[PDB]
Structure formats: C-alpha cells, structure tokens
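Read off the chains here:
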Amino acid sequence: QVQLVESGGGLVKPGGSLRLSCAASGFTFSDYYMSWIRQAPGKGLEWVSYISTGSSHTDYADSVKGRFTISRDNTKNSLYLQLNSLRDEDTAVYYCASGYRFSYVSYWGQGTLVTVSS
Amino acid sequence: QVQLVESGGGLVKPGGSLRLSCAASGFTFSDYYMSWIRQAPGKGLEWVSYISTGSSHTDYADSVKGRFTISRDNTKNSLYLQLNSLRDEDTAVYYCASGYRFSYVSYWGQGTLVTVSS
Amino acid sequence: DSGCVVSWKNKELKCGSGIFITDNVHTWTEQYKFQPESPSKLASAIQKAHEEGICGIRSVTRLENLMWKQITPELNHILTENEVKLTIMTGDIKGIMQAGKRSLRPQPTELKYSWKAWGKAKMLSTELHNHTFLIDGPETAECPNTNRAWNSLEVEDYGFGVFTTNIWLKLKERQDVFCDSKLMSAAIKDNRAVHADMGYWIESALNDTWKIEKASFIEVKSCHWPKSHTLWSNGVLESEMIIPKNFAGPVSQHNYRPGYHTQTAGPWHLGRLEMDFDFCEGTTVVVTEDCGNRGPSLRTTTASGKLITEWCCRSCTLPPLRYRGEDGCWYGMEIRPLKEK
Amino acid sequence: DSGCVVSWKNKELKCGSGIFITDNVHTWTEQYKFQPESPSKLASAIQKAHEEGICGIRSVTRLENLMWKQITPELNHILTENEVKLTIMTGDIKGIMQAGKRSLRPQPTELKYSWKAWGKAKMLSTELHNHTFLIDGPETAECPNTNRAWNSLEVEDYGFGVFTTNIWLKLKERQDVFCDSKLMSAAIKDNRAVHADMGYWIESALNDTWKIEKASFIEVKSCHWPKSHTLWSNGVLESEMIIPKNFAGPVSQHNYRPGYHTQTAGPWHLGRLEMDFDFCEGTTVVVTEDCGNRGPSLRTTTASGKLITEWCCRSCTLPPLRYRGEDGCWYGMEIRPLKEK
Amino acid sequence: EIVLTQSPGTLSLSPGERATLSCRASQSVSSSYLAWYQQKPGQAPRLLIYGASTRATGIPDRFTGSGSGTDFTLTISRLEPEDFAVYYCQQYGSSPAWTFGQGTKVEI
Amino acid sequence: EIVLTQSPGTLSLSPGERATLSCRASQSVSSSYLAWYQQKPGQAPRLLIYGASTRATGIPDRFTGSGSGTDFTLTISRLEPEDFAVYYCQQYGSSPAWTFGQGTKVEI
C-alpha cells in the first residue's frame, strides 16, 4: 500500500529555515512525478513545487521562487523540500502528494503542518 | 606648341626638402594624366609618380613612398611635386612628362637637375 | 560595425569589421519597447475597418500583443473624443499564434480631433457600447478568424531603438503573409548557421553533413519565413524541413535532418519549446522495423505522471529528436512506445 | 561568441551572444599563414602524380601561391633524399587565376626516409634534372592547364589559427569544383548582406529592393561559390548575376541590380578590383536609346592618357557601375562612349 | 489561465437525496482533463475521477462524474451521512493554474 | 613583371647604313603595347612609335617599328649623322615595370 510519511513541521521564527522530508513506500517512487502541495488553514489547496524523475525540471511556485528548494533521492525513496526565508503567510499544512501540475494526483498522505510566528 | 618648363632644382643637404613645379602650355592640361620621371646621371629612365585628372589616383614609386608628394592645379595649368627626406641617391634629372605608367608619354620638357650632397 | 569580440570556445580574440548577430532571445530579451506611429492614423484605421465588417485583431508575434495591452487606454480616449460607438478590450493569447484572413489598410486620411504626442496623461474611464471590437484572445467562437485582421503592422525603418525604450511601428500599405523583415537576421561562419529573430533561434551545425542541431522558441507564429534571409534555399523539399513552413520555418537545406520528416503534429501548442537531439531522462530508444508508424507526438509522462521507459523508432537516427517545454520531454513523430499502448 | 561591440553608424552598443563576421579583406588582412600537413605525404603525392602524367600545379586562392613559394625548398630536399629525379620551381601570379583539370590524391602511404619536425635546419641545395615540375606562373605555352592539377588541397578542420601563424592543410579525398568552405562566411542584419571569404567582400544593401552595392577583390579565383553559404539562393537566373558564376560569383538574388546583366567581359584581368556605383571623375552618363549595345569594359583613359568625358548607356540605371583598379576607372558592359570611337 | 469556478459555494441537503455539483471552466478544457477530490475534514484528499467521467479505484459506485466542454457536473447518486465533506475540481493541462478549486461545502 | 631586355648593349655603324634594334620582352605583351623613345645627348626623350608599329607625329619616315608577340625590332631605313643617340623601349600595360629599358648606344 502506498504510504507517504513526512516530518519536519514545527513552529519557527520568521526569516528562519526548515527542511521537510517525504518517506515513500508501497509503489515505484523512482517512476512517478513528485510534488508538494500546501493548504492554508481554512483555505483552498495550492501548488508549491514539483520535481521530475531525474530531477531536471524542478519548477517552483511564483511566490517562493528562490526561497524554496526541492530534491529527491530515488535510491532510498525519499523526497526533500528545503524551507528558506520563511514569511508570515507560509503557515499552511504541506502535503506530500504523488502528482504533477499537468496531471491528476493519485496518492496523498498525512501532510504535516508548519507555523511561522513568534 | 607644348613647352614644359620646370624650376626648383638645386643642391641640397641630405635630409632636407625641396619643391618642384611644372608649367604646361599649348594643350589641355586639365585633360591628360601627369607624371614625373627621374633619370640618374648616365643611367636609364625611371618613374617617380603619376596623378590622375581629378587628383584621385596619385600612385608613387616604391622607393619614394612617404617621402614624395605630388599635386596639380588644373586652374592655372601647373603640376607640383614635393620633396621630403632627401637622400644622396636622389641626385638625378627630373622630367615633367605628359604621361602615365599604363600609357605612352607624348610631351617631355627640359627636365630640371637636383643634387643631394655637401 | 568594427570592434573586438572575445570567444570562450576558441580562447582567442577576434578584432575587425563586419556584422555581429545579437542573440536577443536568451537572458532577458531587451528591449523592443512599444509605441506606434501617430495615433490618429491608427485610431482612424479601426472604425474605418469596422465599417467594412472587421471584428478583431490577431498579433503575429508574442510581443505585438504587448503593444495593445498598454495602448488600449489611449484609443478608447480618442474614439470617445470622436464620439465613436465602439470599445477595445485586449486579453491573453496562447499558441498556436493564430492568423486572420484579412488586414487593415489606409485610408491615410486620419481623424481631425486628435493630438500629436503618444505620452498623454490623465486617463478618463469610458463607457461600453453594444458594438464591441475584440483583440487577440480566447474568442474563437463568437467571431472566427475570417472576420479578424492580422499582419497589419510593420516595423518603421527609423523605428529601430535599442537603448531608447521605444520602437516605432507603422501599418503596411498592402496585404502580406511574410514576417517582419526589418527586424530579422541570419548568419553562418564556417561551423554554424543561425536563423534568428525576436522569437526563434534556429541553429544548425556541421559534423559530417550540414543539419539542424537545436532551436529555441518563445513564440510560435504563423507568418511564412521570407526567402531573402534564408541560407541555402534552393532545391529544398517541403516535406523534409524539421520545422514546418506554417510555423515560420525557414525554407532551407539547413533545416534538414536525416531520418526525420516535417513535424507537422508536434507539441507546438506549448508556448515555449526547446528542440534538441538527445535522450529524455530515464528513456531508451532502439531502432527496429516493427515499431509503429509515425503519429502525433507523445508526452513521455502519462496522465498519472508515470514515466514510460522503453521507446522504439522505425527509421530514425540516434540521438532521437526530443522537445523541452513546460510539460516535460516530448519525442518526435517517428518515436513510439515499445510496448505501451 | 559573446562580447560587446560599438556601432559607429548607429552610435550605439551591441552586447550579447551570437556570430560576428571578421572583415579579413581590408586593413592588413591577417593572417592566413601557411604550414601544411606532414611533408612526407605531400612529397609522395608528387612523383606518383608525376608518373600519372601531371606537369604542374595551379592555385585556387592567391595566398596559396605563397605557401608554395616557401615550401619548395623543403619539397626539393625530401624527394632528392629519396633519389627522385625531380625539381620544383614556383613563379608569380596574376589574374585571371586559371584552373586546371585534375588534382592530387592519396596514396596515404608516405615516404619512410624523412624526419618529423617541420622546422628543420641545415638545408642543403639540390641539383636539377631533365624532369622539371612546375607550379602556377606565366607558363601557359609549354604546358597547359589540362596537364596541371588544381584545387587539390583543403583547409584542415583543426588547422584554423587566426593568432597562431599557421593554417594546416590536407589534400582532398575526391574531385571537386567548389571553393574551400572551411574559411568562408555570409551574414545579413536588417540592412546589409555580405558574402565574404579570404578574398571577396561582396556586399549588398536594401534601399527599395535588395540589390548589390559594392564589392572588393584582392584575387579572382575560378572555383564555384558553394550554395551552402548563399543567401536567397532560389529562383536566381544566371543571366542576371552582377558577378559571373565562373569568378566565384555567389548564386543569390542579392547579386542582382536592375538594368544590368552578367559582366562576363569586365576588367577582371586586373589583380585587384573595387566595384561600386558612381561616376568616374570628370565623366557624365546620360540615358539614351540610340547609344551602342553592351560590349567589353572600356577604360576611361585612352592610350595617350587623355580622358573620355561623355558617355551614354542604353537601358542602364544611374549611378553607373564602375571599377577601381590599378589602371584607372573602367565602366560596365552597358556603358558606351557618347560620340568617341 | 483557465481558472475554474465552483457553484454553489455551499450545498444543503438531507440523506436519501441525490446531489449535483458544478465546476465552471474559463474556456474549452482540453481532452476533458478534469479531476475531483474529496476532502473529509480533516484528512488528506482522495481521488474520485481522473478523467471527468471515469470512477477511480476504490471509490463507491454512487460517485458519478459527467460533463464536457466547459461545464462539468459531479453527481452522487445516493446520499450517505459520511459523504458530507468538501469537494474540489482541478483541470490538469493546459495550462492549469497554480491553485486548486475553491471547494463546495456539503451540509445537512 | 614583364621587364624588358635591350640587345645589343651598343651598336657600331657608319652613316648611310641600315641599323636594327631589338627589345626583348619577358612574355606575351598585350595588344602590342610598346613604344620607342630617342635620347639625343643631351636632350629630353622624344617619342617614335605608339604602338610598336605606328609612327608618331613629326617623325621622319625612316623610323620603322615592327615586331609582335614577345620580340620587337626598331629599324631605321637610312642612317643619318644626327640619328646617333640612345633608344629606349617601354611597355605600357600590362603590367608595366617601374623603369624604362636599358637603352642601346649607337656609335660611329
């Protein structure tokens, strides 16, 4: 069964940094596109970023250009996102989802929560 | 009749300068090419330079590049050559000839004599 | 036209006179800013054509839209000042950059109730009339391209300003299909032949025989490439250029590639493309005669995002032809899945 | 390929990537120096061809004559070291640069009695035999170009040195008539189109219709200009070329000019030419229908140096076509004296 | 941009009825590339239609996806007390926006 | 360079004879472009042949120019005591050298 496990969420000071990891199992991780999706509290879902299989496309959202970094490790089936220069509105539940902006999303798992305040 | 009279010849110290003039009459001076021909004492004839009708060709001999300057004035039928940086082998009789290197020479007149020594 | 050029590949300095072909397609293409000729001629050209029965305007180039996107405040002022029951609304546009069937024309007798400057201020909002005039956009239903104008403008001969944030434009005196020759170039120096404009960077190179090597597009226009700027444009068959003639492909023998024919059904619907000859990541291409015939280009990722590994080609030539866009890596017509349907 | 170039005509600066075209035809054309490939191959290439029945070599480019003028001391030594009864003498050159009928070929199996370096010392003079092998020169009587080889060499791909005083050359593997494409250029940017090589600077411009404007030659070769470096090379008639095809005239529509046909019998015998469109000094051309038909080009000065003032043309187009050389000012084919014989 | 619109913002019904949805599209979706996701508060989203017409694996039969062109309707044939959640519609190509749908609240 | 050669270096004759001269050419002059000049000692040179065959104006008929190809001969039909001078041959195109001929002295 496709299990997606994530960790790294927590309260951080504005302007800090964080790293989010995704643990994939139950399916061919090195064969599907990978993406991160966030959801502000009580608001709609919004794309964040996605990465290709060989890590060569790596497209990012408009409001996080240069602030976020996404990477994957197919050998151990791990997906990584790097948080840098966090601002106030970044507080959202971040979902590690098996998808691509030009495709539907098949697998979602227990997205973590991150807060940026004092 | 075509008389070609020249003046300016005289003894000069090496490294000096001199100016020679040609006076044409009896024919359309503003219609032919003009050229200066020098002849070392007892040696053969040799070209020096020739100028076009509108003063746009003004080709010079190989051994006088940058040292000799030629000019003409079609208004009063005169032909001018300017001597600069004279050396000891320039001692020759200089003929004002109505001709051109790619043509025969029709009129010659009373070539002047210039000597470069001490 | 005279200067010194440093070359990183040759590690040498080139000094002399001649012609330098600027890239102006990568690294913040600058600038080709926007201002047309006198406003009265353009303003008078709308309602005169609207009386004929025109309904919209299409932009031949991507940047020509940005002419309209910032000028529509101005024409709305003058037409209202001329009590004209019309409105101008521009929008976004996407490939394929469609082309209309007719074009504007003078009537050089312009409006007599206009100013002269093109930088007037104090814009006043206008009303909307029952007669609406559209610009290029997703309006392919209410009015077709038959009642739509296209290729009605031309770059002014004195309109070339690279540091001055402006480029003068004037309307053509006749209908035409070719692209703007005034801002257009092509060159070749002993190893590479490049055809270029504001949107295209078609580059060809010689390894054993002259052939196309790479191309980059920020737009996919529909004007035919003029032959006055085509290198080796004789004896070229229309069924063999890699870039189709309809998409401003240069009619030349440098647009050739052995084993591949015209890509009339490539993924040109993407706004940006990058043509090269390599392998898409994680994919392999094997030459075999039992592979399927050429069809529409296929994205290397399915609707679920899964990657298709193995591919076959009938009579292709490695490295395979592939495209870089916003969708991933698309293969050419002659490449088909080895076993996937 | 990336740099910043100032433009005097536009008073502007051009910075970016792309291809820059060196002049290499005015202002001390530099350098195209000459060091060929291994001398053992070229030395062995002579006697095997001499046994076939060759008698001499002609040159295709004016500089190539200089390579022979400084290589025959090496060639004479190596063949004499192989007790080959042969000798080599080079000569001067003048237009028109004639062309032979056959060429050299490997035989890549070279002589085994030679050194390796190209800069050896202690050169020893050789003797003279009854078998003499000629090179380009005023020898059009004893041995014609039929028994003379031509266009046997080719510019090495890696033998391109613009700063290092060497251009490596190897002999071709097949018969050919086209010129050397390894050192050749052609470009066009929105106002001008220049076809250029080591000797030609054919330049065309656009005022109302694209047409030739000026050309400069330091040589007059006889190899056909390749079509891979020709701009707008489709539908071009060979009877309207300004420069004849036999004189390396590029096959293009940019080689056109209204009112003028091919200049088959122009003043090409001169080594250097500067073709433009103006009036010879002190001359006037008047368009009239009763003027004589086109013939060979006539110098503006007679055999006595007298200037011919008035001229007429039948269906020419002002300004008239005129040539600048070392002989004066020659007019075109379609220009005839008004009343003089 | 083909940013979509969901109407109505919220829906009120009772178990035993038959509900319908509506995901307005800006213009001319390509190849009917639309999807539906269920957001049971509060858990991870699920997948219903690929696809705009085809039921996804592990999904009960009552979930029916339909619509074509520029109008799409997600209809549940049979109501069920656990089915009350938030549903989102997404277009994938081309070219999709950077955000999902606004969502429709289903309330008793 | 089509530098010419004049032979012989000097000529010895007597009045009433018939003299001959020779101006050797390097190779194949074009359209017989050659001229002859007389240098009376000591005066400015005159002009005799245009031309290599055409007598100049005011020249006595005894001066006959001939030759074609690469060999040219200037022959005076009748000797005359004033005719003893130095004669130069020039080629005018193409391409001519930067100096005239060597000249041949005619001595009694």
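This deposited entry lists cryo-EM as its structure determination method and 3.5 Å as its resolution.

**Structural notes on the overall build of chain E**
Each helix and strand counted, chain E has zero helices and nine strands in total. The N-to-C order of helical and strand elements in chain E reads β-β-β-β-β-β-β-β-β. Judged by the C-alpha coordinates and their principal axes, chain E covers about 35 × 25 × 25 Å. Buried residues in chain E amount to 47% of all 108 residues. Excluding contacts between residues fewer than 6 apart, the proportion of contacts in chain E whose partners are at least 24 apart in sequence is 54%. Here chain E has roughly 4,900 Å² of accessible surface; of this, 53% comes from carbon and sulfur atoms. Across chain E, the centroid of the 8 positively charged side chains sits 2 Å from that of the 8 negatively charged ones.

**Brief notes about the interface of chain D and chain C**
Taken together, the contacts link 44 residues of chain D with 44 residues of chain C. A per-residue breakdown of the area chain D buries against chain C is headed by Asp1, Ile19 and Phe20 of chain D, which together make up 17% of the total. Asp1 of chain D serves as the salt-bridge partner of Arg192 of chain C, at 2.7 Å between the closest nitrogen and oxygen. At the surface where chain D touches chain C, the tally comes to 19 residue pairs in polar contact. Those elements giving two or more residues to the side of chain D that touches chain C turn out to be β1 (2-7), β2 (12-17), β9 (184-189) and β10 (192-197) of chain D. In terms of residue class, the side of chain D that touches chain C is built from 19 nonpolar, 15 polar and ten charged. Of the strand pairs in this sheet, strand β9 (residues 185-189) of chain C and β9 of chain D are connected by five bridges, and their pairing is antiparallel. The residue of β9 of chain D that forms the bridge with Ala187 of chain C is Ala187 of chain D.

**Some points on the interface of chain A and chain E**
Between chain A and chain E, the contact holds 23 residues from the first and 20 residues from the second. In this assembly, chain A packs against chain E so that about 1,700 Å² is buried in total across both faces, 65% of it on carbon and sulfur atoms. When the buried area of chain A at its contact with chain E is split by residue, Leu45, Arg101 and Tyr104 of chain A rank highest and sum to 38% of it. Applying the counting rule to chain A against chain E returns five residue pairs in polar contact. Only β4 (34-39), β5 (45-51), β6 (59-60) and β10 (107-116) of chain A provide two or more residues apiece to the side of chain A that touches chain E. Counting residues per element, the side of chain A that touches chain E draws most heavily on β5 of chain A, at five residues. Looking at the side of chain A that touches chain E residue by residue, the class counts come to twelve nonpolar, six polar and five charged.

**Considering the arrangement of the chains**
There are seven pairs of chains in contact here, and the one with the most contacts is chains C and D. For chain A and chain D, which are not in contact, the least C-alpha distance works out to 25 Å. At no point do chain B and chain E touch; the closest pair of C-alpha atoms across them sits 69 Å apart.

**Some thoughts on the nonpolar core**
Judged by nonpolar contacts, the single largest core of 73 residues is most densely connected at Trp36, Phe68 and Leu79 of chain B together with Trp36 of chain F. When residues of this core are assigned to their parent elements, the largest contribution, six residues, is made by strand β9 (residues 92-98) of chain B. In contact with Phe68 of chain B, other than residues within four places in its own chain, are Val48, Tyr60, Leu81, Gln82, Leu83, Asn84, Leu86, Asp90 and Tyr94 of chain B.

**Brief notes about the relation of the copies chain D and chain C**
Once chain D is rotated about the relating axis by 180 degrees and shifted along it by 0.0 Å, it coincides with chain C to within an RMSD of 0.4 Å. Such values leave the two copies arranged in the relation of a two-fold axis. Here 98% of the interface residues in chain D have copies in chain C that are interface residues too; the copies meet face to matching face.

**Some thoughts on the packing of aromatic side chains**
Counted under the stated rule, the structure contains 47 aromatic pairs over all chains. Ring centres 6.1 Å apart and planes at 55 degrees place the aromatic pair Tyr260 of chain C and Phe277 of chain C in the tilted group. Placement of the pair is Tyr260 of chain C in the loop between β12 (210-217) and β13 (273-277) and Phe277 of chain C in strand β13, with a sequence separation of 17 residues. Take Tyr260 of chain C: its relative accessible area is 1%, and that puts it in the buried class. On the basis of relative accessibility, which here comes to 6%, the residue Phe277 of chain C falls in the buried class. Between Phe247 of chain D and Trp268 of chain D, the ring centres sit 5.5 Å apart and the planes meet at 35 degrees, which makes this aromatic pair tilted. With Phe247 of chain D in the loop between β12 (210-217) and β13 (273-277) and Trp268 of chain D in the loop between β12 and β13, the pair connects residues that are 21 residues apart, well separated along the chain.

**Structural notes on the pattern of salt bridges**
For the structure shown, the criterion picks out 60 salt bridges over all chains. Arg322 of chain C is the salt-bridge partner of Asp278 of chain C, the closest N and O atoms lying 3.8 Å from each other. You can see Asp278 of chain C sitting in the loop between β13 and β14 (284-287) and its partner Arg322 of chain C sitting in strand β16 (residues 321-324), a full 44 residues away along the chain. Classification of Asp278 of chain C as partly exposed rests on a relative accessible area of 36%. When its relative accessible area of 10% is taken as the criterion, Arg322 of chain C is described as buried. Notably, a salt bridge pairs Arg322 of chain D with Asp276 of chain D, separated by 3.2 Å at the nearest N-O pair. Within this pair, whereas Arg322 of chain D is found in strand β16 (residues 321-324), its partner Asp276 of chain D is found in strand β13, the two being separated by 46 residues in sequence. Several salt bridges converge on common partners, so that one network encompasses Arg38, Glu46, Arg67, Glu89 and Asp90 of chain B.

**Examining helix α2 (residues 62-69) of chain D**
All names here are of chain D. Burial runs high along α2: six of the eight residues are buried. Of the positions making up α2, those classed as buried are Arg62, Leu63, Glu64, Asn65, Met67 and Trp68. Buried residues belonging to α2 abut β3 (56-57), α3 (72-81), β5 (133-135) and β7 (153-155).

**Let's talk about helix α1 (residues 39-52) of chain C**
Residues and elements named next belong to chain C. Between its first and last C-alpha, α1 extends 20 Å over 14 residues, near the 20 Å set by a 1.5 Å rise per residue. Listing the buried residues of α1 in full gives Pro39, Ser40, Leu42, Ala43, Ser44, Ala45, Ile46, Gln47 and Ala49. In this structure, the buried side of α1 is in contact with α2 (62-81), β4 (88-89) and β5 (133-134). Where α1 ends, the next residue or the one after it, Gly53, has phi of about 130 degrees, a positive value.

**Side note on the side chain of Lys221 of chain D**
Mapping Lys221 of chain D onto the fold places it in the loop between β12 and β13. In contact with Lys221 of chain D, other than residues within four places in its own chain, are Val60, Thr61, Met97, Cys179, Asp197, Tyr200, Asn246, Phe247 and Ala248 of chain D.

**Examining the state of the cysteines**
Residue and element names in this part refer to chain D. The full count for this structure, using the stated rule, is 16 disulfides over all chains. Here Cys55 is linked by a disulfide to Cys143, with a sulfur-sulfur distance of 2.0 Å. Here the disulfide of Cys55 and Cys143 is left-handed, its torsion about the S-S bond being about -125 degrees. You can see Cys55 sitting in the loop between α1 (39-52) and β3 and its partner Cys143 sitting in the loop between β5 and β6 (148-149), a full 88 residues away along the chain. A relative accessible area of 13% means that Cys55 is categorised as buried. Judged by its relative accessible area of 7%, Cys143 falls in the buried class.

**Let's talk about the pairing of strand β3 (residues 17-25) of chain A**
Residue and element names in this part refer to chain A. By the alternation rule, side chains of β3 split into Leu18, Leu20, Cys22 and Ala24, which are all buried, and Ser17, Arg19, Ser21, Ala23 and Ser25, of which none is buried. Where strand β1 (residues 3-7) and β3 come together, five bridges link them in antiparallel fashion. Looking at β3, one finds that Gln3 is bridged to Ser25. Pairing between β3 and strand β8 (residues 78-84): seven bridges, direction antiparallel. By the bridge assignment, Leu18 is partnered in β8 with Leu83.

Analysis parameters
Residues numbered from 1 in each chain as written, not as in the entry; some residues may be left out. Chains lettered and ligands numbered in written order. Heavy atoms only, no water. Helix = DSSP H or I, 4+ residues; strand = E, 2+ residues; numbered from the N terminus. Buried < 20%, exposed > 50% of the residue type's maximum accessible area, 1.4 Å probe, protein only. Contact = heavy atoms within 4.5 Å. Areas by Shrake-Rupley, 256 points an atom, 1.4 Å probe, with all protein chains shown as cover. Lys, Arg positive; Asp, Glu negative; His and termini not counted. Charge placed at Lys NZ, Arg CZ, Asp CG, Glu CD. Buried area = accessible area lost by both parts, 1.4 Å probe. Salt bridge = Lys/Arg side-chain N within 4 Å of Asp/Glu carboxyl O. Polar contact = N/O pair within 3.5 Å; in protein donor to acceptor, adjacent residues only side chain to side chain. Nonpolar A, V, L, I, M, F, W, Y, C, P; charged D, E, K, R; others polar. Pairing = 2+ DSSP bridges. Core = buried A, V, L, I, M, F, W, Y, C linked by side-chain atoms within 4.5 Å. Least-squares fit on C-alpha atoms. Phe/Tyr/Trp six-rings, centres within 6.5 Å; stacked < 30°, edge-to-face > 60°. Expected span 1.5 Å × (residues − 1). Disulfide = S-S within 2.5 Å.

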